[PDB]
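Peer 1: This is the structure I want to talk about, given as C-alpha cells.
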Amino acid sequence: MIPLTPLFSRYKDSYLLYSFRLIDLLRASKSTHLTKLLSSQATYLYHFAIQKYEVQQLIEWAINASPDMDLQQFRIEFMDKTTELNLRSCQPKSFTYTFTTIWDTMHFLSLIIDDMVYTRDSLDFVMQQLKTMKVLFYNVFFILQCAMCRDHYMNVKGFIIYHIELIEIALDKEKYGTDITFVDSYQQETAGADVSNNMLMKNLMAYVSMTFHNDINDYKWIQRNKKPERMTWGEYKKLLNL
Amino acid sequence: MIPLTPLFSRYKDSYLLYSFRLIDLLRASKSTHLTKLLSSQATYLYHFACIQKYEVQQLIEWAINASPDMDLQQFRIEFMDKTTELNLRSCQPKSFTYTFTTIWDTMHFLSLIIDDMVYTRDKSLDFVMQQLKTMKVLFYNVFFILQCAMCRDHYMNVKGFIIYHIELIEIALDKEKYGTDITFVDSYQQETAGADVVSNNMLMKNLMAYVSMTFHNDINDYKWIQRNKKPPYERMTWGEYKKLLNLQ
Ligand SMILES: Cc1cc2nc3c(=O)[nH]c(=O)nc-3n(C[C@H](O)[C@H](O)[C@H](O)COP(=O)(O)OP(=O)(O)OC[C@H]3O[C@@H](n4cnc5c(N)ncnc54)[C@H](O)[C@@H]3O)c2cc1C
Ligand SMILES: Cc1cc2nc3c(=O)[nH]c(=O)nc-3n(C[C@H](O)[C@H](O)[C@H](O)COP(=O)(O)OP(=O)(O)OC[C@H]3O[C@@H](n4cnc5c(N)ncnc54)[C@H](O)[C@@H]3O)c2cc1C
C-alpha cells in the first residue's frame, strides 16, 4: 500500500503516540459527551492503524482506569495491557508529544485516505471509511495546551473535510457509471469541476494537508505580529516516495 | 465598488431580509451567549451593508427589548416603524419570503464585499485586514433560521473551506504590508499553482466570488449523496457567474 520511507515511519509512531495520549484522557473525562467522543475517536484511530475485538478491550480498560493515576503510571499500565492483549503494535517507540505528533497524525490519516481510494474496488466500504475520516478531522484534540491553535483549527478545519467530500462525490459518480480519472495536479481537478468527467488528484489528501500545514505556519506570523522555508509539493512527494 | 446587476440587486435585498430575521431572534434567545452572538452578528451585518453605526445600535437595542410574546408578523410591523423612525429605510427588505436562496444570496453578497474591499484597499491595509477577521466571524456563525438540521450539520463540517480562503487573503495583505505587492491573476488554478513556488504573492481576482460559487456547487452536488439519489442538471459555471454579476 503506502510507500515505506523514514518520514512515514515517523508518522506511524506519532500516530500511535497521539492515540495513546487520547485514551489517557478517558479516565479524566468531565462529561459523558466527552467520554463518548474520545472513545469513538480512539476506536476509529486504531481502526486505521480480532484486532477490532482487542482494541475494544483496550478502550474499555482505558475507560475504567483509575482517574487518580498520573500519565506516567497510565503509560506503565498501558504497556502491560497492550502486551497482554497482543497489541504490541499499538505501543509507541517515543512518547515525546509535540505539535509534530499532531501534524504527523493528520498527514498519516491523509495518506491512509489516498491509499484506500487508490486501492479500492467495496466502494460502499470506502465511502463509509471516508465518513469516519470526516469525524476524525472534525474532532482533532490538541491534548497539549494551545487555545489559539484550537480556535484557529476550528475555523479552518472544513478545508480538509471539504476535500474528503469531493472524494465521496467522485466515488458516487463512479458508482453511477463515470469512472474516476486520476490526474497529476490539483489544478486539473479544480478546473475539471467548472463545467461529465470525474477527475481526482492522485495523492489529493497528501497535497491538501501539506498546503493546509503551510497555511497554518504562514498565518502564525500574522498571529505574532512579525515578519516571516515552506514545504513544496515536489519535495513532499520525494520525502514520502509518492 | 460592486457592479449593479439584477442578480446583485436580489443579493442586497436578500441580505437585508437575512439581517431582519436574525434580529427577530434576539427577543426569543434562550441564552446570554446566543444573545451576545446574535447581536454582534447583526451589528456586523449592517456594518457591511450601506451615524449609521449609532442608529444601527439603537435598532439592535430595540430588537433586544422587543416583546418575546409578539409573533414574527408583529415584529415585522414594529421593525418597519422603528427603521422608519431611525432614518433606516434602507435596511427594510423589499421582500420577506425567506428561503435557502436568501441564505445563499447573503453568503454570495458578503463574498463580493470581501473582493471589493481588497480591490479598493488603501495600499490602511490594517483596516481591510481587520474587516476580513470580521468576515471570518460572520461565516463561522451563519444561522439558517429556517429548519434544516442536516444542512446545519453539513455547513458546520465544511464552512472552513470558505474561511480558509479569507485567511489566504489576509496572508497576501500581510505580505503586501511588508514589501511584496499582491499580483492579481485571472484564475483559481493560477493562484493555487503560484502558491507552490521564490516568493510570489498571487491572488485570484474576485477570489471569494469564485470560492462561494464553488462551495455552493459542492453543497448541491453532495445533497444527492445525502438523498441516495442520482443527479437529475445544469451546474453554475464561473464564466456564466461572472457574466451575471458583470465581474471583470
Ligand atoms: C491543526 C494544527 C493547528 C495549529 N494552529 C496554530 C496556530 O493557530 N498558531 C500557532 O502559532 N501554531 C499553530 N500550530 C502549531 C504550528 O503549526 C507549528 O507546529 C509550531 O509553530 C511549531 O513550528 P515548527 O516549524 O517547529 O514545526 P512544523 O514545521 O509545523 O512541523 C514539524 C515537521 O513537520 C514538517 N513540515 C513542515 N511543514 C510541513 C508541511 N506543509 N507539510 C507537511 N510537513 C511539514 C516539518 O519539515 C517537520 O518535519 C498548529 C498545529 C496543528 C497540528
Ligand atoms: C450554507 C448552506 C448549506 C446547505 N447544506 C445542505 C445540505 O447539506 N443538504 C441539502 O439537501 N440542502 C442543503 N442546503 C440547501 C441547498 O443548497 C439548496 O439551496 C436547496 O436544496 C435548493 O436547491 P436549488 O438548486 O433549487 O436552489 P439553490 O441552490 O439555493 O439556488 C438558488 C439561487 O442560487 C443560484 N445558484 C445556483 N447555483 C449557484 C452557485 N454554485 N453559485 C452561485 N449561485 C448559484 C441559482 O441560480 C438560484 O438562483 C444548504 C444551503 C446553504 C445556504
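Ligands are numbered from 1 in the order shown, chains are lettered A, B, ... in the order of the C-alpha cells, and residues start at 1 in each chain.
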Using only C-alpha atoms and all ligand atoms, I'd like a table of the residues in chain A that come within 12 Å of ligand 2; for each, show the closest atom pair and its distance in Å rounded to one decimal, ordered by chain and ascending number, as JSON lines.
Peer 2:
{"residue": "A:165", "atom": "CA", "partner": "ligand 2", "partner_atom_place_in_ligand_line": "8 (O)", "distance": 11.3}
{"residue": "A:193", "atom": "CA", "partner": "ligand 2", "partner_atom_place_in_ligand_line": "41 (N)", "distance": 11.1}
{"residue": "A:194", "atom": "CA", "partner": "ligand 2", "partner_atom_place_in_ligand_line": "41 (N)", "distance": 9.8}
{"residue": "A:195", "atom": "CA", "partner": "ligand 2", "partner_atom_place_in_ligand_line": "41 (N)", "distance": 10.9}
Peer 1: Hey, can you spit out that residue selection with N, CA, C and O atoms as a PDB file, in the first residue's frame?
Peer 2:
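Final output, saved to part_39.pdb:
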ATOM      1  N   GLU A 165     -15.069  15.296   1.149  1.00  0.00           N
ATOM      2  CA  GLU A 165     -16.373  15.243   0.496  1.00  0.00           C
ATOM      3  C   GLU A 165     -16.251  15.214  -1.021  1.00  0.00           C
ATOM      4  O   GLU A 165     -17.091  14.608  -1.693  1.00  0.00           O
ATOM      5  N   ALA A 193     -13.979  20.523 -12.486  1.00  0.00           N
ATOM      6  CA  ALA A 193     -15.299  20.664 -11.889  1.00  0.00           C
ATOM      7  C   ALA A 193     -16.078  21.818 -12.499  1.00  0.00           C
ATOM      8  O   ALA A 193     -17.315  21.818 -12.449  1.00  0.00           O
ATOM      9  N   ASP A 194     -15.386  22.820 -13.052  1.00  0.00           N
ATOM     10  CA  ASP A 194     -16.038  24.032 -13.545  1.00  0.00           C
ATOM     11  C   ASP A 194     -16.682  23.810 -14.911  1.00  0.00           C
ATOM     12  O   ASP A 194     -16.296  24.450 -15.898  1.00  0.00           O
ATOM     13  N   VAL A 195     -17.650  22.893 -14.976  1.00  0.00           N
ATOM     14  CA  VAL A 195     -18.429  22.646 -16.196  1.00  0.00           C
ATOM     15  C   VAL A 195     -19.916  22.475 -15.894  1.00  0.00           C
ATOM     16  O   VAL A 195     -20.313  22.238 -14.752  1.00  0.00           O
TER      17      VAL A 195
END
Peer 1: Counting only C-alpha atoms, which residues in chain B sit no more than 6 Å from chain A? For each one, give the nearest pair of atoms and the distance in Å, sorted by chain then residue number, as CSV.
Peer 2:
residue,atom,partner,partner_atom,distance
B:157,CA,A:158,CA,5.5
B:158,CA,A:158,CA,3.9
B:159,CA,A:158,CA,5.5
B:160,CA,A:158,CA,3.8
B:161,CA,A:159,CA,3.9
B:163,CA,A:156,CA,5.9
B:164,CA,A:156,CA,5.2
B:189,CA,A:187,CA,5.2
B:196,CA,A:232,CA,5.9
B:237,CA,A:194,CA,5.5
Peer 1: Could you dump the residues just selected with C-alpha atoms as a PDB file, in the first residue's frame?
Peer 2:
ATOM      1  CA  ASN B 157     -18.323  20.483   8.809  1.00  0.00           C
ATOM      2  CA  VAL B 158     -17.196  22.323   5.648  1.00  0.00           C
ATOM      3  CA  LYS B 159     -17.579  26.076   6.412  1.00  0.00           C
ATOM      4  CA  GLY B 160     -13.796  26.191   6.930  1.00  0.00           C
ATOM      5  CA  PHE B 161     -13.336  25.877   3.163  1.00  0.00           C
ATOM      6  CA  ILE B 163     -12.887  30.793   5.950  1.00  0.00           C
ATOM      7  CA  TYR B 164      -9.573  29.259   4.806  1.00  0.00           C
ATOM      8  CA  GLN B 189      -5.610  27.478 -10.809  1.00  0.00           C
ATOM      9  CA  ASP B 196       3.632  26.065  -4.667  1.00  0.00           C
ATOM     10  CA  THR B 237     -20.025  27.838 -14.183  1.00  0.00           C
TER      11      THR B 237
END
Peer 1: Which residues are near segment 70-77 of chain B? Cut-off 12 Å, only C-alpha atoms, ignore same chain within fewer than 2 positions. Put them as a PyMOL selection string.
Peer 2: chain B and resi 17+20-28+62-68+79-84+92-93+95-96
Peer 1: Can you pull out the residues contacting segment 116-131 of chain B? Cut-off 10 Å, using only C-alpha atoms, and skip same-chain residues under 3 positions away; I want them as a VMD selection string.
Peer 2: chain B and resid 1 to 3 44 48 110 to 113 134 to 137 166 to 167 169 to 171 173 to 174 176 to 177 181 184 205 to 206 208
